[PDB]
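Listed next as structure tokens is one chain, alone, in the form deposited in one PDB entry.
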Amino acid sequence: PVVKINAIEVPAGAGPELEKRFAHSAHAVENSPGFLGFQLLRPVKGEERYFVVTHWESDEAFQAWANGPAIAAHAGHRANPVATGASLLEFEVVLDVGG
């Protein structure tokens, strides 16, 4: 599997607004083929960016979602972001250990 993290820069005080924009977003991705899950991570120490951490069975599965269903999920939405920058961090899972 692969991990794709969108590391989002958020202006001071805009944390709650950004989090609210994610609150009903599950429908936009949860059903996608090869999707294994995602977490929105609020930074607490050592990082100022929010991490949107997504897990996929493959790179192609993420790309299919990004190029199709993800774009479609914007219909009817303002495209005015509160984030001031974003960086995509891509990784391959080399080890996974359960609780």
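Residues that one form lacks are left out of the comparison. Each residue number is its position in the shown sequence, starting from 1. What we label the rigid core is the largest C-alpha set whose atoms superpose within 1.5 Å from one form to the other.
Unshown form deposited in another entry; subsequent notes refer to it.
Once the core is superposed between the shown form and the other one, does residue 73 show a C-alpha displacement of at least 2 Å? Comparing the forms between the shown form and the other one, which are aligned on their rigid core, residue 73 does shift its C-alpha by 2 Å or more.
Would you tell me if residue 45 moves between the shown form and the other one by 2 Å or more at its C-alpha, with the rigid core held superposed? For residue 45, whose C-alpha is compared between the shown form and the other one after core superposition, the shift is less than 2 Å.
Rigid-core frame, C-alpha of residue 24, shift of 2 angstroms or more between the shown form and the other one: Residue 24 C-alpha, core-superposed: shift of 2 Å or more.
Sense of CA distance change between residue 21 and residue 26 in the other form, threshold 3 Å: Closer in the other form, by 3 Å or more.
I want to verify one pair: residue 58 and residue 24. Are their C-alpha atoms nearer or more distant in the other form compared with the form I supplied, knowing the change is 3 Å or more? They are farther apart; the C-alpha distance rises by 3 Å or more in the other form.
Pull up the moving segments between the shown form and the other one: at least three consecutive residues, every CA shifted by 2 Å or more, rigid core held fixed. Shifted segments: 24-28, 69-79.
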